[PDB]
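J.: Coordinates in input.tsv, TSV, C-alpha atoms and all ligand atoms, are listed below.
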```tsv
chain	number	residue	atom	x	y	z
A	1	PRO	CA	41.68	-99.29	81.05
A	2	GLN	CA	42.40	-96.00	82.79
A	3	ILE	CA	40.08	-93.16	81.85
A	4	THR	CA	41.23	-89.58	82.45
A	5	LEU	CA	38.51	-87.02	83.04
A	6	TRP	CA	39.50	-84.10	80.77
A	7	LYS	CA	36.47	-85.13	78.69
A	8	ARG	CA	33.29	-87.09	79.45
A	9	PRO	CA	34.12	-90.78	80.18
A	10	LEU	CA	32.31	-92.28	77.20
A	11	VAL	CA	32.69	-95.94	76.22
A	12	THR	CA	30.96	-98.26	73.77
A	13	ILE	CA	28.34	-100.59	75.24
A	14	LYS	CA	26.18	-103.31	73.76
A	15	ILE	CA	22.56	-103.72	74.81
A	16	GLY	CA	19.57	-105.37	73.17
A	17	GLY	CA	21.74	-106.25	70.20
A	18	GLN	CA	22.77	-102.65	69.65
A	19	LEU	CA	26.01	-100.76	70.11
A	20	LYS	CA	25.76	-97.41	71.84
A	21	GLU	CA	27.96	-94.73	73.35
A	22	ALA	CA	27.55	-94.52	77.14
A	23	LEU	CA	28.76	-92.24	79.93
A	24	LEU	CA	30.41	-93.88	82.96
A	25	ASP	CA	28.69	-92.04	85.81
A	26	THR	CA	29.94	-92.56	89.38
A	27	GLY	CA	27.15	-90.23	90.51
A	28	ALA	CA	24.38	-92.44	89.11
A	29	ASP	CA	22.97	-95.19	91.33
A	30	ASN	CA	21.22	-96.67	88.32
A	31	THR	CA	21.84	-97.34	84.64
A	32	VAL	CA	19.63	-95.38	82.24
A	33	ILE	CA	19.57	-96.08	78.52
A	34	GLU	CA	17.97	-93.92	75.82
A	35	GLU	CA	14.52	-94.89	74.53
A	36	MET	CA	14.75	-98.23	72.70
A	37	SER	CA	12.27	-101.02	71.90
A	38	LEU	CA	13.77	-103.54	74.29
A	39	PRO	CA	11.66	-106.72	74.57
A	40	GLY	CA	10.77	-108.12	77.97
A	41	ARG	CA	8.80	-107.51	81.14
A	42	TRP	CA	9.10	-104.12	82.81
A	43	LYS	CA	7.67	-101.96	85.57
A	44	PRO	CA	7.24	-98.16	85.65
A	45	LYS	CA	9.74	-96.11	87.64
A	46	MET	CA	10.56	-92.45	88.23
A	47	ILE	CA	14.21	-91.43	88.49
A	48	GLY	CA	15.54	-88.12	89.66
A	49	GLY	CA	18.62	-85.99	89.49
A	50	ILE	CA	19.39	-82.37	88.68
A	51	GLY	CA	16.34	-80.73	87.16
A	52	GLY	CA	13.76	-83.22	88.37
A	53	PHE	CA	12.49	-86.66	87.38
A	54	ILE	CA	11.81	-88.64	84.20
A	55	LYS	CA	9.56	-91.68	83.82
A	56	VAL	CA	11.37	-94.86	82.79
A	57	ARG	CA	10.71	-98.56	82.16
A	58	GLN	CA	12.63	-100.77	84.56
A	59	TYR	CA	13.98	-103.99	83.09
A	60	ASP	CA	15.55	-106.52	85.43
A	61	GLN	CA	18.45	-108.82	84.52
A	62	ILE	CA	19.46	-107.12	81.27
A	63	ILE	CA	22.89	-108.01	79.93
A	64	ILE	CA	25.09	-105.13	78.78
A	65	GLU	CA	28.68	-105.41	77.64
A	66	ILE	CA	30.61	-102.34	78.80
A	67	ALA	CA	33.86	-101.67	76.92
A	68	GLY	CA	34.33	-105.40	76.39
A	69	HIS	CA	33.20	-106.13	79.96
A	70	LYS	CA	30.08	-108.23	80.58
A	71	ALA	CA	27.56	-107.14	83.19
A	72	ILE	CA	23.97	-108.06	84.01
A	73	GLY	CA	21.43	-106.14	86.03
A	74	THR	CA	18.63	-103.60	86.19
A	75	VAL	CA	18.43	-101.19	83.24
A	76	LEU	CA	16.06	-98.22	83.03
A	77	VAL	CA	14.89	-97.16	79.57
A	78	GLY	CA	13.48	-93.72	78.92
A	79	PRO	CA	13.97	-90.12	77.61
A	80	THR	CA	17.50	-89.67	79.01
A	81	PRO	CA	19.79	-87.11	77.26
A	82	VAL	CA	22.73	-89.54	77.29
A	83	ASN	CA	23.22	-93.26	77.98
A	84	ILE	CA	24.30	-93.61	81.62
A	85	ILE	CA	26.14	-96.56	83.19
A	86	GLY	CA	25.60	-96.34	86.94
A	87	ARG	CA	27.16	-98.00	89.97
A	88	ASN	CA	24.92	-101.07	89.73
A	89	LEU	CA	26.89	-102.09	86.63
A	90	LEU	CA	30.15	-100.19	87.30
A	91	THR	CA	30.80	-102.38	90.32
A	92	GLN	CA	30.33	-105.43	88.08
A	93	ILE	CA	33.10	-104.44	85.65
A	94	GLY	CA	35.41	-103.59	88.55
A	95	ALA	CA	35.46	-99.82	88.04
A	96	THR	CA	37.06	-97.63	90.68
A	97	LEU	CA	37.81	-93.96	91.19
A	98	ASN	CA	41.48	-93.25	91.89
A	99	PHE	CA	43.35	-90.12	93.02
B	1	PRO	CA	42.94	-93.38	97.40
B	2	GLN	CA	41.07	-96.04	95.46
B	3	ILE	CA	37.31	-95.76	95.81
B	4	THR	CA	35.09	-98.70	94.86
B	5	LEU	CA	31.49	-98.14	93.86
B	6	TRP	CA	29.37	-100.53	95.94
B	7	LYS	CA	28.36	-97.40	97.86
B	8	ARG	CA	27.98	-93.80	96.66
B	9	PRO	CA	31.45	-92.16	96.33
B	10	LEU	CA	30.81	-89.55	99.01
B	11	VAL	CA	33.63	-87.47	100.48
B	12	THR	CA	33.92	-84.54	102.85
B	13	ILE	CA	34.65	-81.19	101.27
B	14	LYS	CA	35.49	-77.77	102.71
B	15	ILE	CA	34.02	-74.78	100.88
B	16	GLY	CA	33.73	-71.23	102.19
B	17	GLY	CA	35.34	-72.64	105.32
B	18	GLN	CA	32.32	-74.89	105.81
B	19	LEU	CA	32.48	-78.69	105.76
B	20	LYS	CA	30.03	-80.58	103.58
B	21	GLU	CA	29.53	-84.03	102.09
B	22	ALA	CA	29.81	-84.34	98.31
B	23	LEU	CA	29.57	-87.05	95.66
B	24	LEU	CA	32.53	-87.62	93.28
B	25	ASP	CA	30.64	-87.51	90.02
B	26	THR	CA	32.35	-88.58	86.78
B	27	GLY	CA	29.08	-87.91	84.93
B	28	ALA	CA	29.01	-84.21	85.83
B	29	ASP	CA	30.89	-81.69	83.68
B	30	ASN	CA	30.66	-79.18	86.51
B	31	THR	CA	30.71	-79.03	90.31
B	32	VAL	CA	27.30	-78.13	91.72
B	33	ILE	CA	26.82	-77.37	95.42
B	34	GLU	CA	23.51	-76.98	97.28
B	35	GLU	CA	22.33	-73.47	98.14
B	36	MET	CA	24.70	-71.79	100.56
B	37	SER	CA	26.43	-68.49	101.22
B	38	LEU	CA	29.74	-68.37	99.40
B	39	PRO	CA	32.23	-65.47	99.55
B	40	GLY	CA	32.76	-63.89	96.13
B	41	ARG	CA	31.33	-62.58	92.87
B	42	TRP	CA	28.96	-64.78	90.85
B	43	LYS	CA	27.09	-64.77	87.54
B	44	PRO	CA	23.71	-66.40	86.70
B	45	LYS	CA	23.97	-69.63	84.70
B	46	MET	CA	21.79	-72.57	83.64
B	47	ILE	CA	22.78	-76.23	83.78
B	48	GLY	CA	20.93	-79.38	82.86
B	49	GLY	CA	20.66	-82.80	84.39
B	50	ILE	CA	18.58	-85.94	84.00
B	51	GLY	CA	15.30	-84.23	84.90
B	52	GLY	CA	15.74	-80.83	83.33
B	53	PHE	CA	17.39	-77.43	83.59
B	54	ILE	CA	18.02	-75.38	86.72
B	55	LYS	CA	19.33	-71.89	87.51
B	56	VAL	CA	22.67	-71.62	89.34
B	57	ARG	CA	25.10	-68.96	90.57
B	58	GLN	CA	28.49	-69.42	88.93
B	59	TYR	CA	31.50	-68.73	91.16
B	60	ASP	CA	34.90	-68.73	89.48
B	61	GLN	CA	38.25	-69.61	91.07
B	62	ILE	CA	36.81	-70.95	94.36
B	63	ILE	CA	39.20	-72.64	96.77
B	64	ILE	CA	37.78	-75.99	97.81
B	65	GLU	CA	39.29	-78.97	99.58
B	66	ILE	CA	38.09	-82.36	98.35
B	67	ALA	CA	38.86	-85.34	100.59
B	68	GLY	CA	42.01	-83.59	101.77
B	69	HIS	CA	42.97	-82.52	98.25
B	70	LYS	CA	42.99	-78.86	97.30
B	71	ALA	CA	41.35	-77.52	94.15
B	72	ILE	CA	40.59	-73.97	93.01
B	73	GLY	CA	37.98	-73.60	90.30
B	74	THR	CA	34.42	-73.09	89.14
B	75	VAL	CA	31.68	-73.95	91.60
B	76	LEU	CA	28.02	-73.63	90.67
B	77	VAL	CA	25.61	-73.05	93.57
B	78	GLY	CA	21.96	-73.92	93.19
B	79	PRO	CA	19.03	-76.29	93.91
B	80	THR	CA	20.87	-79.56	93.35
B	81	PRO	CA	19.51	-82.63	95.22
B	82	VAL	CA	23.09	-83.68	96.08
B	83	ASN	CA	26.42	-81.81	96.27
B	84	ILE	CA	28.45	-83.06	93.32
B	85	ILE	CA	32.12	-82.73	92.47
B	86	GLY	CA	32.32	-82.72	88.69
B	87	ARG	CA	35.14	-83.29	86.23
B	88	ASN	CA	36.34	-79.67	86.37
B	89	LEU	CA	37.54	-80.38	89.92
B	90	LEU	CA	38.07	-84.14	89.62
B	91	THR	CA	40.85	-83.47	87.09
B	92	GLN	CA	42.47	-81.03	89.55
B	93	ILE	CA	42.85	-83.69	92.25
B	94	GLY	CA	44.15	-86.20	89.70
B	95	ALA	CA	41.12	-88.49	89.62
B	96	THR	CA	40.85	-91.26	86.99
B	97	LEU	CA	38.35	-94.05	86.31
B	98	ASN	CA	39.88	-97.49	86.19
B	99	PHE	CA	38.70	-101.03	85.38
C	101	LIG	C1	28.79	-73.89	83.81
C	101	LIG	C2	27.74	-74.36	82.83
C	101	LIG	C3	28.28	-75.48	81.97
C	101	LIG	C4	27.31	-75.84	80.86
C	101	LIG	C5	26.11	-76.69	81.30
C	101	LIG	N1	26.50	-78.09	81.45
C	101	LIG	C6	25.62	-79.03	81.78
C	101	LIG	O1	24.43	-78.78	82.02
C	101	LIG	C7	26.15	-80.46	81.88
C	101	LIG	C8	25.89	-81.19	80.57
C	101	LIG	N2	25.50	-81.16	82.98
C	101	LIG	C9	26.01	-82.24	83.56
C	101	LIG	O2	27.08	-82.75	83.21
C	101	LIG	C10	25.18	-82.84	84.70
C	101	LIG	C11	25.59	-82.28	86.07
C	101	LIG	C12	25.52	-80.76	86.20
C	101	LIG	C13	26.70	-80.05	85.58
C	101	LIG	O3	27.78	-80.66	85.49
C	101	LIG	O4	26.53	-78.88	85.15
C	101	LIG	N3	25.26	-84.29	84.72
C	101	LIG	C14	24.23	-85.03	85.13
C	101	LIG	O5	23.16	-84.53	85.51
C	101	LIG	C15	24.42	-86.55	85.10
C	101	LIG	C16	23.70	-87.12	83.87
C	101	LIG	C17	23.91	-86.30	82.62
C	101	LIG	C18	25.18	-86.18	82.05
C	101	LIG	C19	25.40	-85.37	80.93
C	101	LIG	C20	24.33	-84.68	80.36
C	101	LIG	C21	23.06	-84.81	80.92
C	101	LIG	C22	22.85	-85.61	82.04
C	101	LIG	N4	23.78	-86.99	86.32
C	101	LIG	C23	24.32	-86.75	87.51
C	101	LIG	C24	23.46	-87.18	88.68
C	101	LIG	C25	24.14	-86.91	90.01
C	101	LIG	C26	23.08	-86.78	91.10
C	101	LIG	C27	23.64	-87.15	92.45
C	101	LIG	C28	22.49	-85.38	91.09
C	101	LIG	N5	22.91	-88.52	88.66
C	101	LIG	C29	21.65	-88.72	88.33
C	101	LIG	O6	20.88	-87.81	87.99
C	101	LIG	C30	21.17	-90.17	88.40
C	101	LIG	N6	20.22	-90.28	89.49
C	101	LIG	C31	20.45	-91.05	90.55
C	101	LIG	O7	21.46	-91.73	90.68
C	101	LIG	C32	19.35	-91.05	91.61
C	101	LIG	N7	18.88	-92.45	91.85
C	101	LIG	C33	19.87	-90.43	92.91
C	101	LIG	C34	20.52	-89.06	92.77
C	101	LIG	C35	19.51	-87.93	92.84
C	101	LIG	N8	18.91	-87.84	94.18
C	101	LIG	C36	17.71	-87.32	94.43
C	101	LIG	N9	16.97	-86.84	93.43
C	101	LIG	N10	17.25	-87.27	95.67
C	101	LIG	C37	20.55	-90.62	87.08
C	101	LIG	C38	21.54	-90.47	85.95
C	101	LIG	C39	20.09	-92.07	87.20
C	101	LIG	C40	25.01	-76.60	80.24
C	101	LIG	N11	24.02	-75.86	80.47
C	101	LIG	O8	25.13	-77.30	79.21
```
Starting from the coordinates I provided, produce the structure as structure tokens.
Ligand SMILES: CCCC[C@H](NC(=O)[C@H](C)NC(=O)[C@H](CCC(=O)O)NC(=O)[C@H](Cc1ccccc1)NC[C@H](CC(C)C)NC(=O)[C@@H](NC(=O)[C@@H](N)CCCNC(N)=[NH2+])C(C)C)C(N)=O

T.:
Amino acid sequence: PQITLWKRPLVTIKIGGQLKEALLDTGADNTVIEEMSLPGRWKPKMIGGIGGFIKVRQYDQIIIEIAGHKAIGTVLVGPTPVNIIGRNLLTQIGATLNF
Amino acid sequence: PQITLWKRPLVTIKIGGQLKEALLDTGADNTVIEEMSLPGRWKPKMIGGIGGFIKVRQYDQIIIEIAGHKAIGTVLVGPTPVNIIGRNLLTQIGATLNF
């Protein structure tokens, strides 16, 4: 679909068997999902942005369906304010910025 | 143009007559530029990101050229790790997310 930017570009995603609301963020290199008890092997990571850093658990090869579109890659789980779909997955669903 | 996301969506901008590199950020409500001297009146404001809240100078009705496209709006100046063009200006240049 085509998403206008008058409001935050939020779409429904599915991860770990749960449906969530997520923000399509062209300014995020990574995908960060709110704290959830996702099973699997992980490694500690620190991610930054405006305001500083937050500690997250990095999960490799996690499948997430984004607005009906399947993707698979690295997902960071931690105390993020909103669910963020970054470029690592955006490229997988064929998302582009157009103007 | 159509911008894919394999690489960060960086563009050249012109603000205060000075050229800079900025990231087209669909996940940012506002446009936040690194500390710089900008002609005009400003008011103290606080914004939040992934790592926390930071203090910024809010400049209203600023003329800024984004990748050759002109926009005139709110620009926040502060300690941001990267110059970001948020939705307030992305809508002005007619940017949409597509997939
Ligand atoms: C005028 C005031 C308006 C009101 C004001 N509004 C805000 O604070 C709103 C919610 N903030 C935002 O929309 C801010 C951007 C700042 C802004 O627009 O003001 N957005 C953001 O901060 C969004 C995530 C988010 C979205 C909504 C809510 C909370 C967080 N992240 C944008 C950000 C861009 C980056 C280049 C700086 N990306 C990231 O932080 C991602 N990080 C990365 O991709 C890193 N790997 C590399 C970038 C950082 N580099 C570095 N540290 N050397 C992260 C999500 C994995 C308020 N106080 O509520």

J.: Got a sec: who's within 10 Å of residue 25 in chain B, counting only C-alpha atoms, leaving out chain neighbours fewer than 6 positions off, as a PDB file with C-alpha atoms, keeping the file's coordinate frame?

T.:
```pdb
ATOM      1  CA  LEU A  24      30.410 -93.880  82.960  1.00  0.00           C
ATOM      2  CA  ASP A  25      28.690 -92.040  85.810  1.00  0.00           C
ATOM      3  CA  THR A  26      29.940 -92.560  89.380  1.00  0.00           C
ATOM      4  CA  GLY A  27      27.150 -90.230  90.510  1.00  0.00           C
ATOM      5  CA  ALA A  28      24.380 -92.440  89.110  1.00  0.00           C
ATOM      6  CA  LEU A  97      37.810 -93.960  91.190  1.00  0.00           C
TER       7      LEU A  97
ATOM      8  CA  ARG B   8      27.980 -93.800  96.660  1.00  0.00           C
ATOM      9  CA  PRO B   9      31.450 -92.160  96.330  1.00  0.00           C
ATOM     10  CA  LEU B  10      30.810 -89.550  99.010  1.00  0.00           C
ATOM     11  CA  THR B  31      30.710 -79.030  90.310  1.00  0.00           C
ATOM     12  CA  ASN B  83      26.420 -81.810  96.270  1.00  0.00           C
ATOM     13  CA  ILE B  84      28.450 -83.060  93.320  1.00  0.00           C
ATOM     14  CA  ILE B  85      32.120 -82.730  92.470  1.00  0.00           C
ATOM     15  CA  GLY B  86      32.320 -82.720  88.690  1.00  0.00           C
ATOM     16  CA  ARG B  87      35.140 -83.290  86.230  1.00  0.00           C
ATOM     17  CA  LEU B  89      37.540 -80.380  89.920  1.00  0.00           C
ATOM     18  CA  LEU B  90      38.070 -84.140  89.620  1.00  0.00           C
TER      19      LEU B  90
END
```

J.: With only C-alpha atoms considered, list every residue of chain B at most 7 Å from chain A, as a PDB file with C-alpha atoms, in the frame of the given file.

T.:
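Produced file selection-v4.pdb, reproduced below:
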```
ATOM      1  CA  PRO B   1      42.940 -93.380  97.400  1.00  0.00           C
ATOM      2  CA  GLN B   2      41.070 -96.040  95.460  1.00  0.00           C
ATOM      3  CA  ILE B   3      37.310 -95.760  95.810  1.00  0.00           C
ATOM      4  CA  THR B   4      35.090 -98.700  94.860  1.00  0.00           C
ATOM      5  CA  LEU B   5      31.490 -98.140  93.860  1.00  0.00           C
ATOM      6  CA  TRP B   6      29.370-100.530  95.940  1.00  0.00           C
ATOM      7  CA  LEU B  23      29.570 -87.050  95.660  1.00  0.00           C
ATOM      8  CA  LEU B  24      32.530 -87.620  93.280  1.00  0.00           C
ATOM      9  CA  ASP B  25      30.640 -87.510  90.020  1.00  0.00           C
ATOM     10  CA  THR B  26      32.350 -88.580  86.780  1.00  0.00           C
ATOM     11  CA  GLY B  27      29.080 -87.910  84.930  1.00  0.00           C
ATOM     12  CA  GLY B  48      20.930 -79.380  82.860  1.00  0.00           C
ATOM     13  CA  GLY B  49      20.660 -82.800  84.390  1.00  0.00           C
ATOM     14  CA  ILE B  50      18.580 -85.940  84.000  1.00  0.00           C
ATOM     15  CA  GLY B  51      15.300 -84.230  84.900  1.00  0.00           C
ATOM     16  CA  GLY B  52      15.740 -80.830  83.330  1.00  0.00           C
ATOM     17  CA  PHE B  53      17.390 -77.430  83.590  1.00  0.00           C
ATOM     18  CA  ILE B  54      18.020 -75.380  86.720  1.00  0.00           C
ATOM     19  CA  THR B  80      20.870 -79.560  93.350  1.00  0.00           C
ATOM     20  CA  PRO B  81      19.510 -82.630  95.220  1.00  0.00           C
ATOM     21  CA  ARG B  87      35.140 -83.290  86.230  1.00  0.00           C
ATOM     22  CA  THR B  91      40.850 -83.470  87.090  1.00  0.00           C
ATOM     23  CA  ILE B  93      42.850 -83.690  92.250  1.00  0.00           C
ATOM     24  CA  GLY B  94      44.150 -86.200  89.700  1.00  0.00           C
ATOM     25  CA  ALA B  95      41.120 -88.490  89.620  1.00  0.00           C
ATOM     26  CA  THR B  96      40.850 -91.260  86.990  1.00  0.00           C
ATOM     27  CA  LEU B  97      38.350 -94.050  86.310  1.00  0.00           C
ATOM     28  CA  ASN B  98      39.880 -97.490  86.190  1.00  0.00           C
ATOM     29  CA  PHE B  99      38.700-101.030  85.380  1.00  0.00           C
TER      30      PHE B  99
END
```

J.: Record the distance separating CA of residue 14 in chain A and CA of residue 71 in chain A, expressed in Å with one decimal.

T.: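 It comes out at 10.3 Å.
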
J.: Calculate the C-alpha RMSD, in Å to one decimal, after superposing chain A onto chain B by least squares over all C-alpha atoms paired in sequence order.

T.: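 Once chain A is overlaid on chain B, the RMSD is 0.5 Å.
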
J.: Between CA of residue 12 in chain A and atom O1 of ligand LIG 101 (chain C), what is the spacing in Å?

T.: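 One can read the atom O1 of ligand LIG 101 (chain C) to CA of residue 12 in chain A distance as 22.1 Å.
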
J.: Tell me which protein, DNA and RNA residues are within 12 Å of residue 19 in chain B, counting all atoms listed in the file, leaving out same-chain ones fewer than 2 positions away, and put them as a ChimeraX atom specification.

T.: /B:11-17,21-22,33,36,64-68,83

J.: May I have the centre and edge lengths, in Å to one decimal, of an axis-aligned box around the listed atoms of ligand LIG 101 (chain C) with 5 Å added to every side, as AutoDock Vina command-line options?

T.:
```
--center_x 22.9 --center_y -83.2 --center_z 87.4 --size_x 21.8 --size_y 28.6 --size_z 26.5
```

J.: Just the number, please: distance in Å from CA of residue 42 in chain B to CA of residue 59 in chain B, one decimal.

T.: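 Answer for the CA of residue 42 in chain B to CA of residue 59 in chain B separation: 4.7 Å.
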
J.: Which of these, B:70, B:35, B:76, B:63, has the shortest distance to ligand LIG 101 (chain C) once you count all atoms listed in the file?

T.: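 When distances to ligand LIG 101 (chain C) are compared using all atoms listed in the file, the smallest one comes from B:76.
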
J.: Taking all atoms listed in the file into account, name the residue in B:72, B:46, B:77, B:56 that is nearest to ligand LIG 101 (chain C).

T.: B:46

J.: Rank A:45, A:60, A:18, A:40 by their smallest atom-to-atom distance to ligand LIG 101 (chain C), using only C-alpha atoms and all ligand atoms, and report the top residue only.

T.: A:45

J.: Anything within 7 Å of (9.2, -101.9, 78.1): list those residues as a list in words, counting all atoms listed in the file and sticking to the file's coordinates.

T.: residues 37, 38, 39, 40, 41, 42 and 57 of chain A

J.: Restricting it to C-alpha atoms, dump the selection as a PDB file, keeping the file's coordinate frame.

T.:
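Saved file part_27.pdb follows:
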```pdb
ATOM      1  CA  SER A  37      12.270-101.020  71.900  1.00  0.00           C
ATOM      2  CA  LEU A  38      13.770-103.540  74.290  1.00  0.00           C
ATOM      3  CA  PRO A  39      11.660-106.720  74.570  1.00  0.00           C
ATOM      4  CA  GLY A  40      10.770-108.120  77.970  1.00  0.00           C
ATOM      5  CA  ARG A  41       8.800-107.510  81.140  1.00  0.00           C
ATOM      6  CA  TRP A  42       9.100-104.120  82.810  1.00  0.00           C
ATOM      7  CA  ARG A  57      10.710 -98.560  82.160  1.00  0.00           C
TER       8      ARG A  57
END
```

J.: Between A:43, A:30, A:73, A:62, which has the minimum distance to ligand LIG 101 (chain C) (counting only C-alpha atoms and all ligand atoms)?

T.: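 Closest to ligand LIG 101 (chain C) of all the choices is A:30.
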